[PDB]
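Below is one structure, written out as structure tokens; the observations come after it.
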Amino acid sequence: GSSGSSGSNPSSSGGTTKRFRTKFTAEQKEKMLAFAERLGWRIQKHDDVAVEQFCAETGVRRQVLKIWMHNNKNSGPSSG
């Protein structure tokens with residue numbers, strides 16, 4: 001024999017009520033960092049499944065993610 005227990009990694013908490021503050025893990029940040037870079041920091045009708053697939057992995061909510069992006073992309077406005 002050799003194998004002796006493995007895995008089991010607790011990581012999921014948060015309490016909401018009436019405040020703004022999200023807590024994510026590097027993974028999410030990293031994944032998103034790229035994910036967004038792919039979607040172009042924008043989610044379209046085509047980026048529906050991809051969004052679901054991502055959540056199914058990371059667990060980030062489209063709304064959260066979508067907002068996450070806006071909370072990253074060039075904040076300041078743009079002339080035009």
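Following the order of the structure tokens, first chain is A, next is B, and so on, with residues numbered from 1 inside each chain and ligands from 1 in the order they appear.
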Skip region 49-60 of chain A itself and residues of its chain fewer than 6 positions away, then list as JSON, numbers by chain all residues within 9 Å of it, counting only C-alpha atoms.
{"A": [24, 27, 28, 31, 32, 35, 43]}
Could you pull the residues within 10 Å of residue 72 (chain A), counting only C-alpha atoms, minus those fewer than 5 positions along the same chain, as a list in words?
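My list of contacting residues is residues 33, 36, 41 and 67 of chain A.
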Have a look at A:1, A:23, A:15, A:7 and name the one nearest to residue 64 (chain A); count only C-alpha atoms.
A:23
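The two atoms in question, CA of residue 65 (chain A) and CA of residue 14 (chain A), are spaced 16.6 Å apart.
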